[PDB]
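Report on the following structure.
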Amino acid sequence: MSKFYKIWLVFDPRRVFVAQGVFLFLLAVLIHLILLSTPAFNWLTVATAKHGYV
Amino acid sequence: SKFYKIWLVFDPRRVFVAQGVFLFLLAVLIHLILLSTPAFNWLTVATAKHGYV
Amino acid sequence: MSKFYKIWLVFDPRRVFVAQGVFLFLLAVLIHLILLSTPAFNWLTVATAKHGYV
Amino acid sequence: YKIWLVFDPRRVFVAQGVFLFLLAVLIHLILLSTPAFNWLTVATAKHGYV
Amino acid sequence: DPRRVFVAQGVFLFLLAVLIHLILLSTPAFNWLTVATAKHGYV
Amino acid sequence: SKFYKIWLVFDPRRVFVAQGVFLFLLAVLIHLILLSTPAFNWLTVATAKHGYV
Amino acid sequence: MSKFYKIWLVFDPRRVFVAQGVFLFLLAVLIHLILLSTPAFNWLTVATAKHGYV
Amino acid sequence: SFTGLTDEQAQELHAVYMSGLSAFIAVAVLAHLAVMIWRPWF
Amino acid sequence: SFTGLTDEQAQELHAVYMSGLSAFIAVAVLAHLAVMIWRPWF
Amino acid sequence: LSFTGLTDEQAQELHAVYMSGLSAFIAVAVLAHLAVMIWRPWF
Amino acid sequence: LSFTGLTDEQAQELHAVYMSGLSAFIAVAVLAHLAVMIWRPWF
Amino acid sequence: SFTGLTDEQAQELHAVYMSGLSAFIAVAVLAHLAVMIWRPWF
Amino acid sequence: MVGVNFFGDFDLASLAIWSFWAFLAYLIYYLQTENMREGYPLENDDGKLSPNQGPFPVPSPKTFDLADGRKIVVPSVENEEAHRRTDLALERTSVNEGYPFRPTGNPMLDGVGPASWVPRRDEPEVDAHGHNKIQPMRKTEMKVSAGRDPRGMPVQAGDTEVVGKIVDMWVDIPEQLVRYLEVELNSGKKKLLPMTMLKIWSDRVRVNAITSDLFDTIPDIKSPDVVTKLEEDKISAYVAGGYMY
Amino acid sequence: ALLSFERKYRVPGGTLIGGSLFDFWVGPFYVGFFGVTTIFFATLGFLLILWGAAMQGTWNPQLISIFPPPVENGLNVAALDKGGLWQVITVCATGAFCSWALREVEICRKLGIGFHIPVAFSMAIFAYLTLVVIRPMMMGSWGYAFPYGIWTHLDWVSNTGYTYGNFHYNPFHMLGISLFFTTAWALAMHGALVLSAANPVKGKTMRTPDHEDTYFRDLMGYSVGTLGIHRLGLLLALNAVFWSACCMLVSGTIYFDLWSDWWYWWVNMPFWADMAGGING
Amino acid sequence: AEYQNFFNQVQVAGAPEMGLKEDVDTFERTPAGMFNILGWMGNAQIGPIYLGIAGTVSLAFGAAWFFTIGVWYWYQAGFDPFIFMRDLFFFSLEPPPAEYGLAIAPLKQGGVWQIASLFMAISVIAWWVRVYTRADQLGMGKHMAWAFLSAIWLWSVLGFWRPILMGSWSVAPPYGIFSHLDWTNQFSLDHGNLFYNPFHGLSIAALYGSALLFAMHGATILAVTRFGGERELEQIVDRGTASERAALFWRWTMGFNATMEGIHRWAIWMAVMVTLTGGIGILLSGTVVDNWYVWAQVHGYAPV
Ligand code: BCL
Ligand code: BCL
Ligand SMILES: CC[C@H]1c2cc3[nH]c4c(c3C)C(=O)[C@H](C(=O)OC)c4c3nc(cc4[nH]c(cc(n2)[C@@H]1C)c(C(C)=O)c4C)[C@@H](C)[C@@H]3CCC(=O)OC/C=C(\C)CCC[C@H](C)CCC[C@H](C)CCCC(C)C
Ligand SMILES: CC[C@H]1c2cc3[nH]c4c(c3C)C(=O)[C@H](C(=O)OC)c4c3nc(cc4[nH]c(cc(n2)[C@@H]1C)c(C(C)=O)c4C)[C@@H](C)[C@@H]3CCC(=O)OC/C=C(\C)CCC[C@H](C)CCC[C@H](C)CCCC(C)C
Ligand SMILES: COC(C)(C)C/C=C/C(C)=C/C=C/C(C)=C/C=C/C(C)=C/C=C/C=C(C)/C=C/C=C(/C)CC/C=C(\C)CCC=C(C)C
Ligand SMILES: COC(C)(C)C/C=C/C(C)=C/C=C/C(C)=C/C=C/C(C)=C/C=C/C=C(C)/C=C/C=C(/C)CC/C=C(\C)CCC=C(C)C
Ligand SMILES: COC(C)(C)C/C=C/C(C)=C/C=C/C(C)=C/C=C/C(C)=C/C=C/C=C(C)/C=C/C=C(\C)CC/C=C(\C)CCC=C(C)C
Ligand SMILES: COC(C)(C)C/C=C/C(C)=C/C=C/C(C)=C/C=C/C(C)=C/C=C/C=C(C)/C=C/C=C(\C)CC/C=C(\C)CCC=C(C)C
Ligand SMILES: COC(C)(C)C/C=C/C(C)=C/C=C/C(C)=C/C=C/C(C)=C/C=C/C=C(C)\C=C\C=C(/C)CC/C=C(\C)CCC=C(C)C
Ligand SMILES: [Fe+3]
């Protein structure tokens, strides 16, 4: 809908902005941590194997 | 049909907050349950399929 | 009997609905967990056996 | 009917609902913990599930 | 106070009944589940 | 274009201090992660390349 | 930017200078200690090897 | 009445409560009979 | 009435609530039928 | 019976917006489930 | 109705700014996901 | 205005902030390009 | 980093412990300096500036902003001057420092020793709304919800005599706490008795701090329904001074 | 020197012994008869610890240790080179602590305040006497008390705890641990709340106690109050020390086995002991 | 025989205080009530509680963590309510074994532990945000948030940072009454008598000091309640005889004293120190030092 702007009529922008920032940061950190803990998607390990760094 | 009257008993602020929290918790729970099942862990499936490590 | 509606003349709809929602979610999660804890009725395990997943 | 002259039905109904739910859950758990009356166990034995 | 009397009486009745039922369940001789399993051969 | 209005929402002092702390912590974390990985430890790479020790 | 001086209109100079001094000293000490823990860049070990001190 | 409910209100509340109780007990009796047929415990 | 609702307000509230409850119960019944077909537990 | 102090038309408009959002969310979920079923069925 | 005191025009302006920011963020995320899929697909 | 600042004050602050951010991001991009040339991680 | 030493046996644990020692030294300095905002500079027995002032310097002044526009600079000359007693009826017992000062007259009446009071601001303590924090219960809608109600009880002093009856209680409205009991003496005058220095029995209120003769000279409140901080300090000092005197 | 408000409080009276014989100050320190005794006992104990360091042969402050007489000595007064020095130091410490408490009582009487501080200190004195006197004598020897050393008494704590398996399973010990944790938590909360009321956001006026009550009611739905929080902190600390003392009193005197084994009466109650399943079969 | 002011002799009560508005949304506050049992030592009012977003997130995810542990216990009990009560303190939700490292483990082998840990972390972060924002909306100085951050630091070192540095979730403590005590004892045994960890000793010193300082401060305040000493803020801005008498007691006792405001700085730092040093001590164990007794022998405070 084009009437989604009315969300700012229900909630204060500062509250929502802080909540969204915290949520996005936590989600990004969690996904990066999950990928790093998996050896098949740890990009440092993949780079080491591909380029023969060690 | 006349379900809009829900907003005559419940304030949208509380309802929206509770619904957002519930959706986030449910999505996280389902994704974690699937990840903890190796047969449905998509990272493990991709590793096996594409020959990673 | 059509007189049951009078419950709303003695109980607050807001608290009743909040408690009902919490109770229904907890009950559904409990039943799903009971089914999952049983290997015979774990649908993920059944699918793994059926389709030969690893 | 006179009981509602003494006790507030709201507290009575809340307590009765909690009590009934707890009792039903307790009985179901007792039956589940008994393999003889665990209906899922009987079902997997009868239908030959894995 | 009739209210407190009735509430305490109900709580005490429930606790007593549950206690007796748990004592009977704890005893295999008077545990009706085991008795029924043996009688009907549920095993 | 109109994102300057963010300073009509949050106090610049607290935002600046928090952003500086966050950036420093992130940079230190990434550098420590690279140091703890022998493949990207630049001192180890240097001593292997130049034949130190 | 030619308008960076206005940072001093936002933050008290005394606190900024004290925090900067503490931060710079801690960073310099940390980097020096990191170099000292690596025998390939420990200048005392290199001097000992070169001059045959020990 | 400590609750403030008149005699008529108490009577109608009791009537609704007993109707609901009778429905609940009938469902419980049917469930018990079905269990007894399927897996008797006596 | 403790809640202050009118009798007609209570009737309308009950009507919409029972419509929602009927939808929920019908969905649950269909789900149970599907599970019974796919993997019966009796 | 408005505890929230909302009129009928305001409630209808809010419900319309909420239903649009809910429909979008449910449509995305349906598409995701269809894609998962095609890629890796769980039945 | 208004719980925050903002007028509808102010809400629309704030939402326009927010949607511009959200669109930029989502576009960057989509580009990153395309790059990851090209480099190392997870399906 | 939640912070109480003016349009002109906010814009003047934002210009300087964006200048600093652009300088920081340019330096970071140069560092990443140099690292990729030296020790690529892909 | 197990066994990795920067020099000798100095490893990460050694660096952490030495850094903690330095930080603790600085923290102790900071905490000691923050606690020197009252009572300084030090004086001698004659009230003159003490030649020794300690190793810790007095910190730079800090300002407290009050709700009514008043500014308090706690380490300042004005703050010390406002709280300084004058015309103390005291006398040195020795030429040397460190000896006690002897009260010249009546220590309880003169307000010295354990009966000492501090000249606090002569205004009532207010809440966040600006209302007086301590008010008699007759001016409020509070009721006794537990304990023993002392209103109407006789008041017995430390010499086993009846000096009056309790007529009202004074309550901290924001905290919902009884702080004073109002007593009507046999002479018709009304006094305020701190709650913390009396006992409520089943049939009487016992005040062992002072005797019957001292009840008549308890400091008074200017207004029958308002008690100021200075009046509170004076009353508390007078009542507490009875244990020694 | 004197504080700017100190002169009007330095009045005679309040002593327990000696009248005005010792009723004077030395610098900031009020002396009194018990202050004289405190200085004597403390100096003697410190110098005897130094002498024991000389006999031990080490001057490292972290290695100095004075040990009690061996367990085989019983309750006898031991030779100074065979544990008697520990007994003399223990007597000096007890005298110093009691004299400190009585000096605090005198200072309280001079200033016209309560005796909560000396009572609370007497609680810690009771704990110390429990560790060095009551328990060793109930076990029949001075050799069961802890030594006077910065880390050797930690070794004593470790050995005493492992005498009964894992000491975590002592119930009074669990209660004392919970009380100490609660005391630390409450101290943190109280300090933070008072400082946040006294040091508000820049540009705001000083906050009232109403602000503190509102804050803690908003955060968790309850506020204990300033008087309440002070009472609660004092009671928490006193109960923590008392129950620690009880936990040490019951160990080795009426209980000698493993506390983890004590915890098994609940499991071994016959009505569910044989029920198969769970952790304990 | 005198009144010691440990319990109120009489209680008074009117309408409950609903709190100052300031910058707080009063719509998020619940109703309030009274509990006379709590009025003997403190306040009888079970006042309104703020709901908000952070509180809702924290409550939901904390309940999720609690119920995850509970359902794991029920699974370990085999649905038996009697086994559930018989072995309640013996049930344990253990972390994944060391073989799986930091990766997602199967449900039966630590996946449930990881799910509960994530729920707990979300709840704790939400509650910290709640503490900070409730301080901010009333115009207060954020001291509570920084004090909470030290406990969060110790908690995250135990469960997150040290497991990451050690390379496996297995080194994290389990969710159980007796099991986590066993984990504590085994940690001490594995790292060579944690008594000889210097930061462990500092943390113990800070804990003992917190108990000692709260005893001192509570006894001092109750001793000067004759002069309204518990009204600490007013004493800070308008010094009374209570503050002077407390300061003089401690100055005559030990030669130095505090102020009505700075004593709380002492208190907050003493209480923060136990967790601040404990986190460092735990983080150093296994990553830098694996045998603290040998380390003490090397560094001159253990016999050779
Ligand atoms: C309570 C149960 C155990 C015990 C278990 C532990 C454990 C476990 C630990 C300590 C620790 C310490 N213990 Mg011990 N300790 C006991 C009995 C004592 C007694 C005593 C006479 O009762 C004393 C004085 C000490 C003293 C000390 C300190 C050296 C240290 C920090 C305490 C602290 O800050 O407390 C709070 C008090 C303050 C903050 C105020 C200042 C107190 C100062 C620091 C005391 C210094 C004493 C000095 C070294 C020697 C005194 C004699 C001299 C002749 C003056 N212990 C008994 C036997 N103790 C910790 C440590 O680091 O050990 C190496 C530690 O890990
Ligand atoms: C045999 C066992 C070992 C030993 C092993 C350990 C280990 C291992 C550890 C300690 C730790 C501690 N030990 Mg030790 N310890 C021993 C002997 C002692 C002795 C003694 C003999 O007298 C003492 C006094 C201590 C004292 C202490 C503390 C000083 C220290 C930190 C306590 C704390 O705050 O914990 C508990 C506080 C927390 C965990 C903070 C929690 C913060 C979070 C945010 C709050 C809870 C989360 C959430 C809200 C919960 C739900 C609440 C809902 C309302 C239901 N140990 C011996 C030598 N000890 C810790 C430490 O720091 O060591 C350096 C630690 O990890
Ligand atoms: C509610 C109980 C808590 C508490 C309370 C408490 N302690 C108190 C007080 C209170 C209320 C005081 O008023 C009093 C004080 O003045 O504090 C400033 C005191 C005090 N608590 C102290 C310490 C202390 N309290 C501790 C504990 C606690 N005290 C409890 C947790 C500990 C711990 C756990 O280790 C210590 C170290 C002192 C700072 C002080 C008492 C000072 C005193 O007694 O001074 C006179 C004595 C001397 C100056 C030195 C005497 C030295 C001896 C003659 C020789 C040494 C003997 C000793 C046995 C050697 C020990 C070696 C160690 C390695 C074992
Ligand atoms: C300086 C260090 C000390 C300290 C500090 C400290 N802790 C703090 C603070 C501070 C300064 C806070 O601001 C914060 C706070 O809000 O305190 C009131 C907190 C706090 N410290 C807490 C606990 C705590 N602190 C501890 C320790 C300490 N905290 C240290 C001693 C410990 C210990 C010793 O282990 C504990 C357990 C909390 C009371 C609180 C943080 C609250 C929090 O994080 O909440 C989020 C977590 C949850 C909601 C978890 C779930 C809770 C329930 C189990 C949910 C399930 C039940 C459901 C609601 C009901 C079910 C009913 C039936 C269906 C069964
Ligand atoms: C281990 O033990 C086991 C789990 C095996 C057995 C235990 C079992 C139990 C306890 C099973 C269940 C017992 C119950 C009680 C199940 C639930 C039955 C119910 C009561 C279902 C209720 C469904 C109600 C639903 C969806 C709500 C319909 C209401 C919908 C919106 C709300 C409409 C009302 C409104 C909106 C307010 C607006 C209207 C106006 C006029 C303003
Ligand atoms: C284990 O479980 C896993 C992790 C696998 C499951 C993962 C799950 C989830 C839960 C994924 C995400 C769900 C969501 C909901 C993701 C986010 C969707 C959103 C809503 C993203 C929002 C992006 C918004 C962004 C950056 C904000 C753009 C706003 C930018 C500045 C702010 C502009 C607004 C302004 C400035 C104020 C100026 C105007 C005025 C009038 C003052
Ligand atoms: C362990 O158990 C498992 C997990 C296996 C199974 C258990 C499963 C369950 C219990 C699954 C789910 C049950 C539910 C109830 C899932 C959720 C269903 C819902 C109710 C989804 C709702 C999505 C709602 C969405 C997107 C709507 C968000 C609404 C909006 C954008 C509309 C905003 C309206 C507004 C802004 C302002 C208008 C104001 C005016 C004045 C016009
Ligand atoms: C485990 O997960 C891993 C670590 C792998 C991945 C996680 C990753 C993330 C989440 C990385 C980063 C996300 C972000 C958000 C990074 C930072 C983006 C930003 C926004 C960086 C900002 C740099 C800003 C900079 C330099 C600007 C500082 C501002 C200034 C110099 C301007 C000064 C402002 C004002 C001076 C004074 C003017 C005053 C007046 C009155 C005109
Ligand atoms: C009938 O009863 C029911 C079923 C209703 C509920 C009964 C429930 C019970 C019995 C609940 C709990 C009993 C216990 C024993 C709860 C826990 C007690 C403890 C002692 C919890 C201790 C946690 C202790 C420590 C260190 C944990 C710190 C945890 C952390 C930092 C969290 C780590 C966060 C995240 C690791 C990892 C994220 C990474 C991924 C890959 C998700
Ligand atoms: Fe305090």
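Just so we're on the same page: letters track the sequence lines, and every chain starts at 1. Any value given below was found using the heavy atoms of this structure, including those in side chains, with hydrogens, waters and symmetry copies removed.
In this structure, N:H116 contributes its side chain and O:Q4 its backbone to a donor-acceptor pair below 3.5 Å. Between the side chain of N:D213 and the backbone N or O of O:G19 there is no donor-acceptor pair closer than 3.5 Å. Side-chain atoms of N:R207 come within 3.5 Å of backbone atoms of O:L138 as a donor-acceptor pair (strictly under, hydrogens ignored). Looking at O:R86, its side chain never comes within 3.5 Å of a backbone N or O of N:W266 through a donor-acceptor pair. A donor-acceptor pair under 3.5 Å links the side-chain atoms of N:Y222 to the main chain of O:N43, judged by distance alone.
Atom-to-atom distance recorded for N:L227:CG and O:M41:CE is 8.5 Å, nearest 0.5 angstrom. In this structure, OG1 in N:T226 is found 6.5 Å from CD in O:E232, a value given to the nearest 0.5 Å. Within the model, atoms CZ of O:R134 and CZ of N:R217 stand 16.0 Å from one another, a figure rounded to the nearest 0.5 Å. Atom-to-atom distance recorded for N:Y169:OH and O:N185:CG is 8.5 Å, nearest 0.5 angstrom. Summarising the geometry, atom OG1 belonging to O:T253 is positioned 7.0 Å from atom CD1 belonging to N:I117; distances are rounded to the nearest 0.5 Å.
Within a 6.0 Å sphere centred on CG of N:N159, heavy atoms belonging to other residues, nucleotides or ligands number more than 12. Residue-environment remark: CD1 (N:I39) stays at or below the threshold of 12 foreign heavy atoms within 6.0 Å. Within a 6.0 Å radius of CZ in N:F126, other residues, nucleotides and ligands contribute more than 12 heavy atoms. In the displayed structure, O:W269 atom CH2 is contacted under 6.0 Å by at most 12 heavy atoms of other residues, nucleotides or ligands.
Heavy atoms of N:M174 lying under 4.5 Å from chain O belong exclusively to its side chain. O:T241 touches chain N through backbone and side chain together, each having a heavy atom under 4.5 Å away. Contacts of O:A302 with chain N are made by backbone atoms alone, with heavy-atom separations under 4.5 Å and no side-chain atom involved. For chain N, no part of O:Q137 is nearby; none of its heavy atoms comes within less than 4.5 Å. Proximity to chain N (any heavy atom under 4.5 Å) is shown, for O:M85, by both the backbone and the side chain. Neither the backbone nor the side chain of O:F79 comes within contact range of chain N; no heavy atoms are under 4.5 Å apart. Only the side chain of O:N257 comes within less than 4.5 Å of a heavy atom of chain N; its backbone N, CA, C and O stay farther away. For N:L187, the parts lying under 4.5 angstrom from a heavy atom of chain O are both the backbone and the side chain. Neither the backbone nor the side chain of N:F167 comes within less than 4.5 Å of any heavy atom of chain O. Residue N:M123 does not touch chain O at all, counting heavy-atom pairs closer than 4.5 Å. Only the side chain of O:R29 comes within contact range of chain N, with heavy atoms under 4.5 Å apart. For O:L189, the part sitting under 4.5 Å from any heavy atom of chain N is the side chain, from C-beta outward, and nothing else. At a 4.5 Å heavy-atom cutoff, O:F35 makes no contact with chain N through either its backbone or its side chain. The contact between N:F216 and chain O is made entirely by side chain atoms (from C-beta outward), counting heavy-atom distances below 4.5 Å. Residue O:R226 touches chain N through its side chain alone, counting heavy-atom pairs closer than 4.5 Å. Contact of O:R265 with chain N is made through backbone and side chain together, with heavy-atom distances under 4.5 Å. Only the side chain of O:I236 comes within less than 4.5 Å of a heavy atom in chain N; its backbone stays farther off. With a threshold of 4.5 angstrom between heavy atoms, O:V131 approaches chain N through its backbone and through its side chain. Looking at O:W127, the atoms closer than 4.5 Å to chain N (heavy atoms on both sides) all sit in the side chain, from C-beta outward.
For chain N, the option among O:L248, O:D136, O:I83 with the highest count of heavy-atom pairs below 4.5 Å is O:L248. If you tally non-hydrogen atom pairs under 4.5 Å between each of N:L238, N:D155, N:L179, N:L236 and chain O, the highest count goes to N:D155. For the set O:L38, O:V272, O:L51, O:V224, the count of heavy-atom pairs under 4.5 angstrom toward chain N peaks at O:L38. If you tally non-hydrogen atom pairs under 4.5 Å between each of O:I263, O:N8, O:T30, O:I46 and chain N, the highest count goes to O:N8. Chosen from N:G35, N:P200, N:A276, the residue pairing most often with chain O at heavy-atom distances under 4.5 Å is N:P200. Ranked by heavy-atom pairs under 4.5 Å with chain N, the first of O:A135, O:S92, O:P303 is O:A135.
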Begin with the C-alpha distance, continue with both residues' side-chain angles, and end with the deciding distance and a verdict on side chain to side chain contact (heavy atoms under 4.5 Å, CB included) for N:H211 and O:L20.
CA-CA 7 Å; N:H211 287 87; O:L20 311 171; 3.4 Å; yes

Evaluate the criterion ring pair (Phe, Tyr, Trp, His ring centres under 6.0 Å) for residue pair O:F195 and N:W151; output intermediate values, then yes/no.
CA-CA 8 Å; O:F195 271 141; N:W151 307 87; 9.1 Å; no

Pair N:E104, O:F249 - check side chain to side chain contact (heavy atoms under 4.5 Å, CB included), show working.
CA-CA 8 Å; N:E104 286 182 350; O:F249 173 90; 4.1 Å; yes

Determine, step by step, whether N:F121 and O:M216 satisfy the side chain to side chain contact (heavy atoms under 4.5 Å, CB included) criterion, reporting the C-alpha distance in whole Å, the side-chain angles of both residues, the deciding distance to 0.1 Å, and the verdict.
CA-CA 8 Å; N:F121 183 44; O:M216 285 170 55; over 6 Å; no

Mind running ring pair (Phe, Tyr, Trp, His ring centres under 6.0 Å) on O:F256 and N:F29 for me, showing each step along the way?
CA-CA 9 Å; O:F256 70 105; N:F29 303 96; 9.2 Å; no

For N:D210 and O:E17, what are the C-alpha separation, side-chain angles and deciding distance, and is it a side chain to side chain contact (heavy atoms under 4.5 Å, CB included)?
CA-CA 9 Å; N:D210 307 61; O:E17 326 280 10; over 6 Å; no

Working note: O:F82 + N:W272, criterion ring pair (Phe, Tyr, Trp, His ring centres under 6.0 Å); need CA distance, chi angles, decisive distance, verdict.
CA-CA 7 Å; O:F82 314 139; N:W272 57 18; 8.0 Å; no

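Between O:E230 and N:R231, none of the side-chain N atoms (NZ, or NE/NH1/NH2) sits under 4.0 Å from a carboxylate O, so this pair counts as no salt bridge.
Between O:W252 and N:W25, the ring planes lie perpendicular to each other; the angle is over 60°, past the 30° to 60° tilted range. Ring pair O:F214/N:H190 is parallel by interplanar angle, where below 30° counts as parallel and above 60° as perpendicular.
The shortest distance between side-chain heavy atoms of O:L233 and N:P209 falls below 4.5 Å.
With 3.5 Å as the limit, one finds no donor-acceptor pair spanning the side chains of N:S158 and O:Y196. Side-chain atoms of O:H299 and N:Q62 include no donor-acceptor pair closer than 3.5 Å.
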